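K.L.:
To be precise about what I am sending: the file is called entry.pdb and holds PDB, C-alpha atoms and all ligand atoms.
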ATOM      1  CA  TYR A   1       0.000   0.000   0.000
ATOM      2  CA  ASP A   2       2.971   2.411  -0.727
ATOM      3  CA  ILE A   3       1.433   5.367  -2.694
ATOM      4  CA  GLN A   4       4.916   6.571  -3.851
ATOM      5  CA  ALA A   5       6.393   3.174  -5.030
ATOM      6  CA  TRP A   6       5.351   3.647  -8.696
ATOM      7  CA  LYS A   7       8.114   6.257  -9.325
ATOM      8  CA  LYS A   8      11.132   3.993  -8.734
ATOM      9  CA  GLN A   9       9.296   1.110 -10.527
ATOM     10  CA  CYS A  10       8.921   3.383 -13.617
ATOM     11  CA  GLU A  11      12.645   4.488 -13.434
ATOM     12  CA  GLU A  12      13.647   0.771 -13.449
ATOM     13  CA  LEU A  13      11.307  -0.076 -16.362
ATOM     14  CA  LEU A  14      12.748   2.897 -18.349
ATOM     15  CA  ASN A  15      16.277   1.475 -17.646
ATOM     16  CA  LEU A  16      15.206  -1.894 -19.172
ATOM     17  CA  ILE A  17      13.696  -0.077 -22.227
ATOM     18  CA  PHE A  18      16.949   1.888 -22.860
ATOM     19  CA  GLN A  19      18.953  -1.425 -22.814
ATOM     20  CA  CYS A  20      16.540  -2.978 -25.488
ATOM     21  CA  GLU A  21      17.904  -2.605 -29.118
ATOM     22  CA  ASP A  22      14.263  -2.065 -30.202
ATOM     23  CA  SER A  23      14.185   1.321 -28.354
ATOM     24  CA  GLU A  24      17.038   3.002 -30.327
ATOM     25  CA  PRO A  25      14.667   4.883 -32.852
ATOM     26  CA  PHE A  26      12.585   6.198 -29.860
ATOM     27  CA  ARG A  27      15.297   7.344 -27.320
ATOM     28  CA  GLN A  28      15.515  10.964 -28.617
ATOM     29  CA  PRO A  29      13.124  13.202 -30.564
ATOM     30  CA  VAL A  30      12.606  12.255 -34.276
ATOM     31  CA  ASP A  31      15.167  14.059 -36.488
ATOM     32  CA  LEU A  32      13.240  16.515 -38.598
ATOM     33  CA  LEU A  33      16.168  16.924 -41.097
ATOM     34  CA  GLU A  34      15.980  13.158 -41.859
ATOM     35  CA  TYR A  35      12.081  13.168 -41.917
ATOM     36  CA  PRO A  36      11.028  16.672 -43.238
ATOM     37  CA  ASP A  37       7.259  15.873 -43.438
ATOM     38  CA  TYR A  38       7.102  14.522 -39.795
ATOM     39  CA  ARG A  39       5.244  17.563 -38.269
ATOM     40  CA  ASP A  40       2.752  17.495 -41.298
ATOM     41  CA  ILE A  41       1.571  14.076 -39.878
ATOM     42  CA  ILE A  42       2.335  14.171 -36.110
ATOM     43  CA  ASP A  43       0.800  16.870 -33.831
ATOM     44  CA  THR A  44       2.645  16.009 -30.577
ATOM     45  CA  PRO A  45       6.175  14.458 -30.701
ATOM     46  CA  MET A  46       7.229  12.179 -27.784
ATOM     47  CA  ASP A  47      10.343  10.100 -26.941
ATOM     48  CA  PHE A  48      11.729   8.076 -23.970
ATOM     49  CA  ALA A  49      14.321  10.722 -22.936
ATOM     50  CA  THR A  50      11.466  13.283 -22.589
ATOM     51  CA  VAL A  51       9.463  10.758 -20.476
ATOM     52  CA  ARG A  52      12.451  10.050 -18.186
ATOM     53  CA  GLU A  53      13.258  13.804 -17.766
ATOM     54  CA  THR A  54       9.559  14.589 -16.916
ATOM     55  CA  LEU A  55       9.592  11.780 -14.271
ATOM     56  CA  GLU A  56      12.948  12.901 -12.763
ATOM     57  CA  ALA A  57      11.744  16.583 -12.640
ATOM     58  CA  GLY A  58       8.749  15.542 -10.475
ATOM     59  CA  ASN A  59       6.256  16.558 -13.201
ATOM     60  CA  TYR A  60       4.186  13.318 -13.271
ATOM     61  CA  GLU A  61       1.534  13.013 -10.514
ATOM     62  CA  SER A  62       0.684   9.313 -11.251
ATOM     63  CA  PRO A  63       1.888   6.323 -13.333
ATOM     64  CA  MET A  64      -1.305   6.795 -15.490
ATOM     65  CA  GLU A  65       0.148  10.108 -16.790
ATOM     66  CA  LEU A  66       3.520   8.418 -17.653
ATOM     67  CA  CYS A  67       1.679   5.537 -19.375
ATOM     68  CA  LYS A  68      -0.296   8.111 -21.567
ATOM     69  CA  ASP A  69       3.000   9.680 -22.786
ATOM     70  CA  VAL A  70       4.638   6.234 -23.521
ATOM     71  CA  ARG A  71       1.484   5.168 -25.470
ATOM     72  CA  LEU A  72       1.838   8.425 -27.522
ATOM     73  CA  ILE A  73       5.366   7.280 -28.616
ATOM     74  CA  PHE A  74       3.779   4.105 -30.075
ATOM     75  CA  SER A  75       0.695   5.789 -31.646
ATOM     76  CA  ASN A  76       2.959   8.375 -33.365
ATOM     77  CA  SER A  77       5.031   5.503 -34.950
ATOM     78  CA  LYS A  78       1.789   3.793 -36.186
ATOM     79  CA  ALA A  79       0.569   7.137 -37.700
ATOM     80  CA  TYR A  80       3.910   8.027 -39.412
ATOM     81  CA  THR A  81       4.743   4.569 -40.852
ATOM     82  CA  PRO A  82       4.104   4.164 -44.634
ATOM     83  CA  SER A  83       3.602   0.403 -44.142
ATOM     84  CA  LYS A  84       2.565  -1.939 -41.343
ATOM     85  CA  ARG A  85       5.614  -4.087 -42.364
ATOM     86  CA  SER A  86       8.217  -1.267 -41.956
ATOM     87  CA  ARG A  87      11.360  -1.856 -39.851
ATOM     88  CA  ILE A  88      10.837   0.962 -37.290
ATOM     89  CA  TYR A  89       7.065   0.275 -36.854
ATOM     90  CA  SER A  90       7.874  -3.473 -36.303
ATOM     91  CA  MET A  91      10.333  -2.450 -33.517
ATOM     92  CA  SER A  92       7.596  -0.233 -31.942
ATOM     93  CA  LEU A  93       5.140  -3.203 -31.711
ATOM     94  CA  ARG A  94       7.662  -5.465 -29.903
ATOM     95  CA  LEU A  95       8.608  -2.632 -27.474
ATOM     96  CA  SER A  96       4.876  -1.822 -26.837
ATOM     97  CA  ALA A  97       4.149  -5.499 -25.905
ATOM     98  CA  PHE A  98       7.173  -5.492 -23.467
ATOM     99  CA  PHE A  99       6.038  -2.132 -21.886
ATOM    100  CA  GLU A 100       2.391  -3.232 -21.481
ATOM    101  CA  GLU A 101       3.471  -6.603 -19.885
ATOM    102  CA  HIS A 102       5.525  -4.695 -17.216
ATOM    103  CA  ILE A 103       3.381  -1.540 -16.531
ATOM    104  CA  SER A 104       0.201  -3.530 -15.645
ATOM    105  CA  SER A 105       1.378  -4.428 -12.051
ATOM    106  CA  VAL A 106       2.696  -0.826 -11.490
ATOM    107  CA  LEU A 107      -0.760   0.593 -12.297
ATOM    108  CA  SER A 108      -2.648  -2.062 -10.264
ATOM    109  CA  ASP A 109      -0.427  -1.554  -7.166
ATOM    110  CA  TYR A 110      -0.802   2.280  -7.327
ATOM    111  CA  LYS A 111      -4.588   2.130  -7.658
ATOM    112  CA  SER A 112      -4.805  -0.438  -4.772
ATOM    113  CA  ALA A 113      -2.670   1.913  -2.525
ATOM    114  CA  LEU A 114      -4.962   4.909  -3.238
ATOM    115  CA  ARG A 115      -8.056   2.829  -2.416
ATOM    116  CA  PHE A 116      -6.464   1.689   0.912
ATOM    117  CA  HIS A 117      -5.661   5.357   1.771
ATOM    118  CA  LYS A 118      -9.388   6.391   1.136
ATOM    119  CA  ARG A 119     -10.746   3.455   3.267
ATOM    120  CA  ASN A 120      -8.780   4.941   6.276
ATOM    121  CA  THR A 121      -9.746   8.700   5.857
ATOM    122  CA  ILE A 122      -9.972  10.484   9.238
ATOM    123  CA  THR A 123     -13.254  12.520   9.809
ATOM    124  CA  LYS A 124     -13.563  12.824  13.667
ATOM    125  CA  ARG A 125     -10.448  15.111  14.106
TER
HETATM  126  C1  LIG B 201      10.543   7.201 -34.397
HETATM  127  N1  LIG B 201      10.439   7.062 -35.817
HETATM  128  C2  LIG B 201       9.354   6.562 -36.417
HETATM  129  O1  LIG B 201       8.364   6.188 -35.812
HETATM  130  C3  LIG B 201       9.529   6.352 -37.857
HETATM  131  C4  LIG B 201      10.527   6.847 -38.745
HETATM  132  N2  LIG B 201      10.330   6.329 -39.951
HETATM  133  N3  LIG B 201       9.247   5.483 -39.877
HETATM  134  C5  LIG B 201       8.868   4.734 -41.080
HETATM  135  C6  LIG B 201       8.802   5.443 -38.587
HETATM  136 CL1  LIG B 201       7.406   4.580 -38.120
END
Could you write out this file's structure as structure tokens?
Ligand SMILES: CNC(=O)c1cnn(C)c1Cl
P.N.:
Amino acid sequence: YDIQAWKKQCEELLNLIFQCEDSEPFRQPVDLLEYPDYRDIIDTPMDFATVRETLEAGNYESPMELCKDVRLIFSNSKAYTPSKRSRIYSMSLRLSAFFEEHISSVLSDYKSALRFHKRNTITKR
């Protein structure tokens, strides 16, 4: 029932993602000189260095907010790919399955800790 435990769990999961070869295209913002039509397709860029910096700054309030920004990395790759058989999109699907497998217990534990805190609210003092 530790309400704060999610933060270190997300730092460790981000460490595993940065060691995965499949994350290399997603570690830093897309290079607009290499992909000049990227911002004609994609409204909101996102990358794993931005996610880690936001976490380490203390600018996520919950693991649900981190999970929304990681899912945006994957939805941007699906929107920019010219083919569902492309190299970089194929890497995004494998990394998305690994992330979803690991984030599910982080989210469940956080939500369980908040419910336990609300069961024990103090009203008489
Ligand atoms: C992070 N880069 C991308 O998602 C990207 C670049 N090129 N293609 C085909 C994709 Cl998909």
K.L.:
Name the residues, by chain letter and number, that sit within 7 Å of ligand LIG 201 (chain B) using all atoms listed in the file, and give them as a ChimeraX atom specification.
P.N.:
/A:25-26,30,76-78,80-82,86,88-89
K.L.:
With C-alpha atoms retained, could you export that selection as a tab-separated table (two decimals), in the frame of the given file?
P.N.:
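File written: again-v3.tsv
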chain	number	residue	atom	x	y	z
A	25	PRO	CA	14.67	4.88	-32.85
A	26	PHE	CA	12.58	6.20	-29.86
A	30	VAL	CA	12.61	12.26	-34.28
A	76	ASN	CA	2.96	8.38	-33.36
A	77	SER	CA	5.03	5.50	-34.95
A	78	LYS	CA	1.79	3.79	-36.19
A	80	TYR	CA	3.91	8.03	-39.41
A	81	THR	CA	4.74	4.57	-40.85
A	82	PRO	CA	4.10	4.16	-44.63
A	86	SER	CA	8.22	-1.27	-41.96
A	88	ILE	CA	10.84	0.96	-37.29
A	89	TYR	CA	7.06	0.28	-36.85
K.L.:
Might you spell out which residues the PyMOL selection byres (((chain A and resi 70) around 8) and not hetatm) would select in the displayed file, as a PDB file with C-alpha atoms, in the frame of the given file?
P.N.:
ATOM      1  CA  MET A  46       7.229  12.179 -27.784  1.00  0.00           C
ATOM      2  CA  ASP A  47      10.343  10.100 -26.941  1.00  0.00           C
ATOM      3  CA  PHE A  48      11.729   8.076 -23.970  1.00  0.00           C
ATOM      4  CA  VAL A  51       9.463  10.758 -20.476  1.00  0.00           C
ATOM      5  CA  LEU A  66       3.520   8.418 -17.653  1.00  0.00           C
ATOM      6  CA  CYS A  67       1.679   5.537 -19.375  1.00  0.00           C
ATOM      7  CA  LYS A  68      -0.296   8.111 -21.567  1.00  0.00           C
ATOM      8  CA  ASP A  69       3.000   9.680 -22.786  1.00  0.00           C
ATOM      9  CA  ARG A  71       1.484   5.168 -25.470  1.00  0.00           C
ATOM     10  CA  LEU A  72       1.838   8.425 -27.522  1.00  0.00           C
ATOM     11  CA  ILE A  73       5.366   7.280 -28.616  1.00  0.00           C
ATOM     12  CA  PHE A  74       3.779   4.105 -30.075  1.00  0.00           C
TER      13      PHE A  74
END
K.L.:
Using all atoms listed in the file, can you tell me which of A:97, A:79, A:122, A:113 comes closest to residue 43 (chain A)?
P.N.:
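Going through A:97, A:79, A:122, A:113 one by one, the smallest distance to residue 43 (chain A) is for A:79.
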K.L.:
Would you mind reading off the distance between CA of residue 1 (chain A) and CA of residue 109 (chain A), one decimal, in Å?
P.N.:
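Those two atoms sit 7.3 Å apart.
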K.L.:
Which residue gives the smallest distance to residue 101 (chain A) among A:49, A:64, A:57, A:13, with only C-alpha atoms counted?
P.N.:
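Going through A:49, A:64, A:57, A:13 one by one, the smallest distance to residue 101 (chain A) is for A:13.
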K.L.:
So the first atom is CA of residue 110 (chain A) and the second is CA of residue 63 (chain A); what is the distance between them in Å, to one decimal place?
P.N.:
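That distance, rounded to one decimal, is 7.7 Å.
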K.L.:
Which distance in Å separates CA of residue 102 (chain A) and CA of residue 10 (chain A), to one decimal?
P.N.:
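Distance between the two atoms: 9.5 Å.
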K.L.:
So, counting all atoms listed in the file, which residue among A:41, A:91, A:84, A:2 is closest to residue 24 (chain A)?
P.N.:
A:91
K.L.:
With all atoms listed in the file as the counted atoms, please give the residues lying no more than 12 Å from residue 12 (chain A), apart from itself and same-chain residues fewer than 6 positions off, as a list in words.
P.N.:
residues 5, 6, 18, 19, 52, 55, 99, 102, 103 and 106 of chain A
K.L.:
Keeping only C-alpha atoms, write those residues as a tab-separated table (two decimals), keeping the file's coordinate frame.
P.N.:
chain	number	residue	atom	x	y	z
A	5	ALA	CA	6.39	3.17	-5.03
A	6	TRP	CA	5.35	3.65	-8.70
A	18	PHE	CA	16.95	1.89	-22.86
A	19	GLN	CA	18.95	-1.42	-22.81
A	52	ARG	CA	12.45	10.05	-18.19
A	55	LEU	CA	9.59	11.78	-14.27
A	99	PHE	CA	6.04	-2.13	-21.89
A	102	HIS	CA	5.52	-4.70	-17.22
A	103	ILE	CA	3.38	-1.54	-16.53
A	106	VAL	CA	2.70	-0.83	-11.49
K.L.:
Using all atoms listed in the file, which of A:93, A:107, A:114, A:33 sits nearest residue 7 (chain A)?
P.N.:
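Comparing A:93, A:107, A:114, A:33 against residue 7 (chain A), the winner is A:107.
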K.L.:
Go ahead and fit an axis-aligned box to every listed atom of region 9-17 of chain A plus 3 Å each side, and pass me the centre and edge lengths in Å, one decimal, as JSON.
P.N.:
{"center_x": 12.6, "center_y": 1.3, "center_z": -16.4, "size_x": 13.4, "size_y": 12.4, "size_z": 17.7}
